[PDB]
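[1] PDB entry and its sequence, pasted below:
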Amino acid sequence: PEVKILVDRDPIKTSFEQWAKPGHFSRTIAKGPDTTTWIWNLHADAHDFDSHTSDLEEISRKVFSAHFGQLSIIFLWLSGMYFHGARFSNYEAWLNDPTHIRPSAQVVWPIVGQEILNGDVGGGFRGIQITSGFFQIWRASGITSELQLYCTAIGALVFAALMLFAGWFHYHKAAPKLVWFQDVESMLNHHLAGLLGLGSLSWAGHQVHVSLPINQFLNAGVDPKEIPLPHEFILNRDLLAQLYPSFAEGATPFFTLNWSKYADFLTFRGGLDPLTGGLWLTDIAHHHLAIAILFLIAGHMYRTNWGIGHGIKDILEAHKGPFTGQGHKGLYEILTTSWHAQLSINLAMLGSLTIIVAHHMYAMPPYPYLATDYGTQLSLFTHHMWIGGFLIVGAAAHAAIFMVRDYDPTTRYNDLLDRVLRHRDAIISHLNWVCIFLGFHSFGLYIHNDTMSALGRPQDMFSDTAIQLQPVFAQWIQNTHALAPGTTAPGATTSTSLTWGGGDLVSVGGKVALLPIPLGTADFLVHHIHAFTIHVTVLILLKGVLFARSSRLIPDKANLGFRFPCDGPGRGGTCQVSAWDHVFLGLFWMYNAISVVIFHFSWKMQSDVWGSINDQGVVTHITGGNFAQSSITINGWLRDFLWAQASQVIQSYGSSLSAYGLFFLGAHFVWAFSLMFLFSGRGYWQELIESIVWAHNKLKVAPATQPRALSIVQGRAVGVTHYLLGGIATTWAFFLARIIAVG
Amino acid sequence: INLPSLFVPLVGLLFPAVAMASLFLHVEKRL
Amino acid sequence: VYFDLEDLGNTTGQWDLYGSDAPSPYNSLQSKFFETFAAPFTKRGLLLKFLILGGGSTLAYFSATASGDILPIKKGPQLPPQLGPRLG
Amino acid sequence: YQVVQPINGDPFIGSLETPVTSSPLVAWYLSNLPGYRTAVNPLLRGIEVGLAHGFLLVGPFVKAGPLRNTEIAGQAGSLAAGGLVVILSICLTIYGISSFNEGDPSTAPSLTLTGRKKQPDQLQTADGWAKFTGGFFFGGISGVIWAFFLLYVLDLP
Amino acid sequence: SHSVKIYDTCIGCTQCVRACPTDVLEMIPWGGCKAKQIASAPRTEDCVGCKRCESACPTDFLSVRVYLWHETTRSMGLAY
Amino acid sequence: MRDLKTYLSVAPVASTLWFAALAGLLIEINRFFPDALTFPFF
Amino acid sequence: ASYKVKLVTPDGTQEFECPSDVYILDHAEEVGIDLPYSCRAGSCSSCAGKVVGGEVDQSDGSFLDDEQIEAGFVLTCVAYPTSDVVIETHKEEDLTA
Amino acid sequence: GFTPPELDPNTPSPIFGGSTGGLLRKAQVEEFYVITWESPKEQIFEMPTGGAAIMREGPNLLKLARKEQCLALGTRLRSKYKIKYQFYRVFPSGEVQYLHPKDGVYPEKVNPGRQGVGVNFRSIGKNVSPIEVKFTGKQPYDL
Ligand code: CLA
Ligand code: CLA
Ligand code: CLA
Ligand code: CLA
Ligand code: SF4
Ligand code: FES
């Protein structure tokens, strides 16, 4: 019953003998190769732990140490970032004049003329302009010399070696047993209150003592070398009390409960800092304090060892009603015995979180001098949207794996799962219908618009000038968010973001940081397109999950596995009935949806947000503001967005942006190369390999590991992999060349 | 009296109408 | 137990779930009127041939004699035409 | 207690019972509609059908078509709804022609919700379907006529 | 209905009959092999044409063969 | 140690080493004799 | 090397000597104690059998349950006798269940 | 020669809650199938159409819509449980048809009362070319 550490000593012995025998984990691979197919299987099943064995203890041990390996890798990548900022960068000069020096932390050797890629990034330096936004983080951190960057690179290297050693240790010397892993209450109590609570408390601490004073000094105009070191602020406190008088009373308020006396540096202002175009640091510190309090309290909910707390089984069993039978009874047994269920829930939530991060970081810019660095903002939004989409699709993959390999009503029965399984037909019917209806009423409007614009009938269009479709609720909500500070939020001064409105515009260095974003007919059309794409992706993935075990077409589908090519050409033909094929199809639709999302954001920001402002105060946007009138037809997307903005990348040959021109074309090539794998089948290829093998046999030069054509599933997987790489890399080159060139 | 004013409609509207009802009734007929 | 070889329709579920089988709620003066006046359109071949040829009649008619306020294709051009890149 | 039950206690028919498909209000309503008035002359039901649907199909063709603002042609766009009525009654006719033959009984179910025999619904005939076709069509054109007759200003013409 | 044919190279391993999902195949006595067994296909009006039997046959070349032919309700696997 | 010598001769490691050495060789050749379009010797 | 093999069988129990690099079936073929086979390729259950002692190399065995090689059954025609073994014959159906 | 069992209606059915995967119009007008088995006790099992059902102690009688459904359920019942099953085809006439196992034995075991259907006495490499059968309706494998 009680909670304790439980470990085994020396489960596996460190040895090299298993390195020299490829495929030790699976009995079939261990036997050795006859054909080349072997070499592929060896890699495809490398991390399929619960298929190498049946024992849950072994799978969990492997998972734990694999996680340690991943963390060691991440630390090594961080070490590289800090070392490159310290050694091959122009960070100090950029610190001196942030709105003229464009950041760069990678230089190239002069080998074959490639030194042309070392371009003039300002500050007496020649290299590659980076878009990860690391200078903004390092400035918001208080870092002012390259010695601090060196120090953090060394610390990260140490931490990476530590992670690798712990990964070896917990697998070969002290391996925890199943009962240790299966304690979820203590785990949640630690991650809620220990990892997230103590983490943000410690970080709020660092912001109160380092970031806040060093940024106060930097915004005051002081030379970044004549600013005191951070530790001085801790040794001598009069330095702090000069900038914030409240630091004279020094924790007497926090006990005397007169927290009011800290209003110096813990504020609730809202809006941006009109000097750097970022959020007030005095708001972020107070935010982190509040979040830490909330998490530290929330990490005391579940019972571990002292009676007080909540039993998860009790909470789940308590919830049930007259529509759902016995629901939630039997989910604790499931969520503690399958890793795939846990992975699906976790992937779904982390993907959604990443998308939310993208939106919130464009709309309320956290770092100083990030809002006016347009390339970094575009890069960050796009990167995080792609990551979120991929993780959401993996969620479906592992829900399907759970349904095929783990669901079992004979020993672990849950009611809600059973009822959803018992009306899946109606579920899929209604979702299918709503996607068809949503597709007619959003893309159809575009087709109507194109045809009315080509037929010389613009008064019959769907636009702000002819037939208006104003999103009344969105306008109503942002009007409520405009009037909020002072009426429904008396403690706030400015509202949360500048996109809500109120007529407030923030500029930095003659550039536009933020201003109110206008919603119109075009915004209405684009958002309904987005609803359409998300609904279709959901239909494909949920159909794959709900029918993973059986169908009216193939009534014993679970016996064929999770990843199989087909069940033959009979029954009419049954290619791609497996759930793996549904994941394979959903990847294309996720690509479609995310691509449209990033195109909508990129065109809208340049058209109505970004630009340059004059001393008289007349804003000139990068594009002329043509999103309201050209986004409503398809021809306007092809003409005013793709054709007009690809100019920067198709003209980079000879400049320092020529690598983007090379990658544009390479990515087009890789995309078109995948269609060969996607459009064909392996019978043709094996028959061609036959004749090539004959030719080799004619000269006693034929190989002993007989060459085969790829698998059916491998053909599909190579196809989708190259398709995604080609498409995403094309958009990557286009975006980066375009945004870097104009500004 | 405008010649396309008559031929474009009926070849565009009624010819396919009659031909589609025609072929539907024929193709779903069990002799 | 829902299997009875004698009555098959109850075993395979041939019910009418929403039919009524109640008497007519349209009292006969109203029904009288309709089934008197609405009869001649109740033969299949009759209705089909009539509908086709009458719809075609109305379409050819309203197409040959539509006015300019309706169809810009009828009002013709009202401007002098341009010359092409060389020709015209 | 639970709300969803298998259809009439038979848990091996491909359906269920809910407050959406078997509820007293919904049952009584759907029962008193023309399509579910089994014991009534096909032509009367068709008349109700065509009336309601011509009247309904008036509005959109008027308030959205190409001549919506031109009102020397804005209101008389009921021509369009008349044409739509004509077209889908031609479709009704060919459907009935292909789906039935007079020398064959009507395919409707003979059992009721409790297990009593019914006289098969005659709308599923060939004869009665042609009768219902005539009824729907008569109603549709004259309903177009009726809702064009009310051109008097109300709240939104 | 599809066609299924058995050829005299059969070694009577029964692997094809175990695999059929619609019970088309059958073992019958014979005298041409060590097993005194041979496959037969008496019920080809129920064959969905999945070729699950052909994937199971070990002889080179195959001893059971499925030729897809005219389609019906049972052959297409329709539940409606 | 013998097992390590075997492992180092497995296909991916062997090819990695072979091509890294080849790359160094061609890189140094081109660093010494840059921009060659012809055989200018004989 | 050439360990002695023991096969219970309805005919009795007989021994024959035969090197470890061989399959059991061809070695019972040598001395002439008849056994039931169909495939000789490891893709059916006619040559099935279980063990009394020792254990037999089943590297090149296929079409078996992820257990049939951990609870006793063995196919005689794809099996290398690593030890002085003692095995069963005519064991298909109590394997077929 | 192995009289086949009769269909005994009034045989109870498993305990199911209903599902949208069961019979449809094809069972009203074309055909459907019926499986019966023994079930030493009451136990839970996965329906070949939807979720889970409870089979009753004693005879069990299920109505499905395809032969493949019956056979997949029977395979599950016969290996994971040790149960004997039979299934039948019922027409809209009210006519039953014992279907499986046909002659009392399972087809993977050779029974001495069976004839050969679809057996060619030659190898597959000895079929004629299509040119030999052109304009006459046979097929090269017909022989
Ligand atoms: C295959 C040759 C051919 C083609 C491609 C066309 C194409 C066209 N004709 Mg034309 N026509 C043709 C032959 C052809 N015609 C001949 C031989 C005559 C008699 C000398 C005419 C007399 C004619 C008139 C009076 C008019 C057109 C018009 C038109 C245009 C409007 C579309 C239409 O209403 O269809 C054509 C309508 C017809 C009544 C043509 C009927 C006569 C031809 C022979 C019918 C052939 C159908 C045949 C059974 C199918 C052949 C198979 C194959 C074509 C698929 C269109 C671009 C209209 C126009 O100018 O638009 C602005 C117009 O009013 N046509
Ligand atoms: C290829 C031949 C063809 C022709 C000749 C037309 C002609 C016409 N179309 Mg059309 N269209 C076509 C193909 C064609 N279309 C196709 C393939 C599509 C699919 C993309 C469309 C989609 C389309 C749309 C979405 C719309 C039109 C509309 C129109 C009308 C616009 C001008 C107007 O306002 O008239 C005058 C106004 C009227 C109301 C005239 C009505 C015509 C009579 C009175 C109807 C009587 C019907 C009769 C009883 C029987 C029906 C046909 C019968 C002969 C079989 C016009 C009569 C517009 C319209 O007006 O809607 C009706 C419009 O909304 N078309
Ligand atoms: C306050 C206690 C605490 C803390 C801080 C953590 C923290 C973490 N746990 Mg953990 N866990 C705890 C208690 C705690 N756990 C308990 C009580 C249990 C059950 C008995 C588990 C069971 C558990 C499992 C099964 C897994 C984790 C994992 C993780 C990592 C999650 C991924 C991440 O966000 O990386 C963030 C990265 C950082 C914050 C970098 C700093 C890393 C610091 C040094 C972590 C040190 C905390 C650790 C408890 C130190 C103890 C070791 C000590 C004896 C020397 C993370 C570092 C995952 C993992 O192990 O990945 C390897 C995972 O698989 N935990
Ligand atoms: C926390 C994240 C996570 C984790 C731990 C896992 C873990 C696992 N997944 Mg999974 N998955 C995830 C996310 C994750 N996945 C996401 C986001 C997706 C959506 C794409 C999927 C979709 C997915 C599928 C469809 C499948 C799995 C499968 C598996 C299992 C075996 C994986 C394996 O070893 O294959 C081997 C790994 C490789 C062969 C490497 C592939 C290399 C890729 C294709 C190249 C990528 C290009 C690179 C990024 C850039 C180009 C570089 C180049 C130019 C040099 C394993 C337990 C498999 C399974 O059967 O589950 C039981 C299965 O088929 N996953
Ligand atoms: S082998 Fe290929 S083409 Fe044939 S049924 Fe399978 S997936 Fe389809
Ligand atoms: S003969 Fe069947 S396994 Fe050897």
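    On my side now, so go ahead. Residues are numbered from 1 along each chain as shown, chains lettered A, B, ... in the order given. Ligands and ions are numbered 1, 2, ... in the order given.
[2] Please count neighbours and contacts with C-alpha atoms only from this point.
    Noted.
[3] tell me the centre residue of chain C?
    In chain C, the centroid-proximal residue (Cα atoms, centre = their mean) is residue C:51; its distance is 9.0 Å.
[4] can you tell me the residue of chain G closest to ligand 4?
    residue G:66 (17.2 Å; Cα to the nearest ligand atom).
[5] So is whichever strand or helix holds the residue nearest to the centre of chain C next to ligand 1?
    In the assignment (DSSP states H and E), residue C:51 maps to helix C:44-64. No. Judged by Cα under 6 Å from any ligand atom, helix C:44-64 and ligand 1 are separated, with a smallest distance of 11.6 Å.
[6] Report whether that helix contacts chain B.
    Yes. Shown here: helix C:44-64 in contact with chain B (Cα under 8 Å from any Cα of the partner chain) through C:52, C:56, C:59, C:60, C:63, C:64.
[7] ok, residues contacting the helix or strand that that helix is followed by?
    Counting by DSSP H and E, the element after helix C:44-64 in chain order, helix or strand, is helix C:72-75. Applying Cα atoms under 8 Å, 6 or more residues apart in numbering or on different chains, the external contacts of helix C:72-75 come out as C:67, C:68, C:69.
[8] So the first one versus residue D:61, what's the distance?
    Read it as residue C:67. According to Cα to Cα, to the nearest Å, residue C:67 and residue D:61 sit 20 Å apart.
[9] And those two? Which one has more around it.
    residue D:61 (20 against 12; other Cα atoms under 10 Å in any protein chain shown).
[10] Looks to me like the more buried one is in a strand.
    No. Applying DSSP: H, G, I helix; E, B strand; the rest coil, one finds residue D:61 to be helix, outside a strand.
[11] residue contacts, it?
    The contact partners of residue D:61, by Cα under 8 Å, 6+ apart, come to D:77, D:78, D:80, D:81.
[12] any idea where the strands of chain G begin and end?
    For chain G, the strands defined by DSSP state E cover G:4-9, G:12-17, G:48-49, G:51-53, G:74-75, G:85-88.
[13] What angle do strand G:4-9 and the second one make with each other?
    Here strand G:12-17 points in a direction 160 degrees away from that of strand G:4-9 (axes from the mean of the first three to the mean of the last three Cα atoms, to 10 degrees).
[14] What's the ChimeraX line that selects buried ones from the residues of helix C:44-64 next to chain B?
    Listed next is the ChimeraX selection for buried residues among the residues of helix C:44-64 next to chain B, using 16 or more other Cα atoms under 10 Å in any protein chain shown:
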select /C:52,56,59,60,63,64
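[15] which among the residues of helix C:44-64 next to chain B gets closest to residue A:743?
    residue C:63 (58.1 Å; Cα to Cα).
[16] Need the residue closest to the centroid of chain B.
    Nearest to the geometric centre of chain B sits residue B:15, at 2.3 Å (Cα atoms, centre = their mean).
[17] show me which of the contacts of helix C:72-75 neighbour chain E.
    Restricting the contacts of helix C:72-75 to those within reach of chain E (Cα under 8 Å from any Cα) leaves nothing.
[18] Tabulate these (TSV), appending distance to chain H.
    Output for the contacts of helix C:72-75, formatted as TSV (distance: Cα to the nearest Cα, whole Å):
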residue	distance to chain H
C:67	54
C:68	55
C:69	55
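[19] Against which helices or strands is the helix holding residue C:51 packed?
    helix B:4-9, helix D:78-99 (3 or more Cα pairs under 8 Å, 6 or more residues apart in numbering or on different chains; DSSP states H and E).
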